[PDB]
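Notes follow the structure.
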Amino acid sequence: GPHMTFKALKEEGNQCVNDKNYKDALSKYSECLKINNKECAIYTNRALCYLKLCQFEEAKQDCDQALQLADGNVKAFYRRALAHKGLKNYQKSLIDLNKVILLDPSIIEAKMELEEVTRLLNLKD
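Throughout the sequence shown, residue numbering follows the deposited numbering, covering 618 to 742 in sequence.
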């Protein structure tokens, strides 16, 4: 029957992401972590799924796990910055955002983030 592998789970996980069903994507990607935990793509996308469920603290850790595998993964920094921002950790987020700017200053999204997070940090809210 269906020969679902790490790659299949990755693909089906991507489907849930595009379907905006990130809570199910978590399940798919977590099954990948039963097979292989050296894939920062799983963590970075799982973190994204957490971000959509407002689970920033979880997403932060998944992004770290991604960086543990690949020290320089822009996806991991950017989505960790998003996580930190959601946890009101603006100083922390700026560290990851600036890091993204160092690795890939071509990312317009990041240019909008570090400007925003600084204003949040400049607020007492």
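Ideal placement from N, C-alpha and C gives every residue a C-beta, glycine not left out.
Relative to the Cα of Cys657, the nearest Cα in the group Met729, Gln678, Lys705 belongs to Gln678.
With distances taken between CA atoms, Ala642 lies nearest to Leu626 out of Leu626, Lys655, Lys651, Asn653. In this structure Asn706 is not in contact with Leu731, their Cβ atoms being roughly 14 Å apart against a cut-off of 8 Å. Cα atoms of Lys645 and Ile652: separation of roughly 11 Å, rounded to the nearest angstrom. Assignment of beta strand (DSSP E) within the segment 648–695, counting only whole runs of 3 or more residues, yields no such run. Taking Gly630 as the centre and dropping the five residues before and after it, the same chain places the C-beta of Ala642, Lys645, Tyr646 closer than 6 Å to its C-beta, in chain order.
The beta carbon of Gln682 sits closer than 6 Å to the beta carbons of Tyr660 from its chain, once the five residues preceding and following it are set aside; these are given in chain order. In this structure, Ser710 is the residue among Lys669, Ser710, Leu686 with its C-alpha nearest to the C-alpha of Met729.
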